[PDB]
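Below, in structure tokens: the form deposited in one PDB entry, a single chain.
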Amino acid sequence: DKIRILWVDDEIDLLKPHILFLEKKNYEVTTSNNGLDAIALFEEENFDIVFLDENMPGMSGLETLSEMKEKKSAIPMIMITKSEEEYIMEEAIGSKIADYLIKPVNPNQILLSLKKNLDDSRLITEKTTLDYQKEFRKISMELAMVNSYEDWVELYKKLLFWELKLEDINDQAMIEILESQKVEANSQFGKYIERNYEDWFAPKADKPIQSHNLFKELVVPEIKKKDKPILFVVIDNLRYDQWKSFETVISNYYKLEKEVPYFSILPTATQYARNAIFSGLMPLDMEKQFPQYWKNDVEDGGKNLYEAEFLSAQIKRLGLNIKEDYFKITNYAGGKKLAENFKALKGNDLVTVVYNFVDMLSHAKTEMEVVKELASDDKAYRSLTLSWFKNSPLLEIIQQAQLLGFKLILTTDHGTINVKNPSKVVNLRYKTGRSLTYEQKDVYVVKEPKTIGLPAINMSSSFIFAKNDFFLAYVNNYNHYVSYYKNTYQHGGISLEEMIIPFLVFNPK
């Protein structure tokens, strides 16, 4: 079927050369010399695109466009006109024109416009697929040369870039090559963490910023500027690719000043990593210095009940002079309440908000059929996250902060990974106990938890952390475990997805 063009111009007779040109290229052109007759044709037929002149004796192009868009708002409209006035450009852009071509127009300019507005999705698919075909071997060589935490950050950024570009391609071979590069990257990263993690605790060790350093190394310098009040947001369980998915939404309100990828401590779980952010201490030092607040895995109830108390203690230890408030948002109603009353906080130096909803979406993928239909794969997960963020009380809180001239600091405690591969053992990405059987190739084994700043019941206590996209399955119910936990979002172990996470500073626009 030929592409059907409706061309409205009072001088459509003088445009015969253009018409013959497009008919040679397999376009069907229907001509009209006035807006009113063009509207009648547009109502009766299903054109693929309309060309409009601006200056016509009866209805103008923009008047014709208004009527046509009201009737069928999905059909692309191009203005083709002698008018060079900026006010007409702005009126046409503001009316959602697809393109605006100034006469005299090269017939190939029109052809470009037809291809760009009707065939761009297929052309982007074809071009992206061939770009990755020509790039993927270079990405395998770059992966092979990684030999520092900074190279790991750079390589992760490269994989995220290609993951987002390839998400809608059709070529399964190329899709599986990207999936094989992600598996190899996580396998190498797993080995890197296993070999370096304990050494990173040595005096004057060369190490990335981690959970227990985050507040002192990256938040306090922004506080000491005393330039604007700071809204410090921890979005629980946010992956780097989720941050990338709503980067352009945020930029409507906030201009990115600084981006520091940083490393979650082990295990990559709220009770350890998120408490470490707020305390500025490793879990073992939280147990030693704050026994009234620190809870081990075995103890009852909430594991992050005391973040305000950890934070106030850390602020005092650092000798800061600030007015500071902490909020934990656990549902829509709480978020909406804080958004509507945020102005109360205008005289704070620091407002800290923990927002738990993504964590809720991440285990809702397995448990609620609603979220399961909405988040079947990583593309669907980022899509649902973006829809969430754009319509969330959290973005209303951020817009309120913007109007009050707050600096925005946005971060997370850890990410999550879509687990594929069972690993037998006697949380599905770390386990702690005094008797444990495991596949040693699959896990990072820590026989002496105190050497990596974790608590131990006794000298027999071990930690086990899953690597790659492994999930720790009990032998007891192995087949049912595999069937239930396959393709779910888990955290606690080692992967780029769980461990390398954004720290972002923005100025209000």
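Residue numbers here begin at 1 and follow the sequence given. We call the rigid core whatever largest set of C-alpha positions still superposes within 1.5 Å between the two forms.
One more form of this protein should be noted, the form deposited in another entry, which is absent from this view; the next part is about it.
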| task | Align on the core first; then indicate which of 341, 73, 248, 435 has a CA shift of 2 angstroms or more between the shown form and the other one. | result | 73
| C-alpha of residue 448 moved at least 2 Å between the shown form and the other one on rigid core | no
| said: Superposing on the rigid core, I want to see if residue 354 changes position between the shown form and the other one - specifically a Cα shift of 2 Å or more. | reply: no
| message | Aligned on the rigid core, do the two forms place the Cα of residue 92 2 Å or more apart, comparing between the shown form and the other one? | response | yes
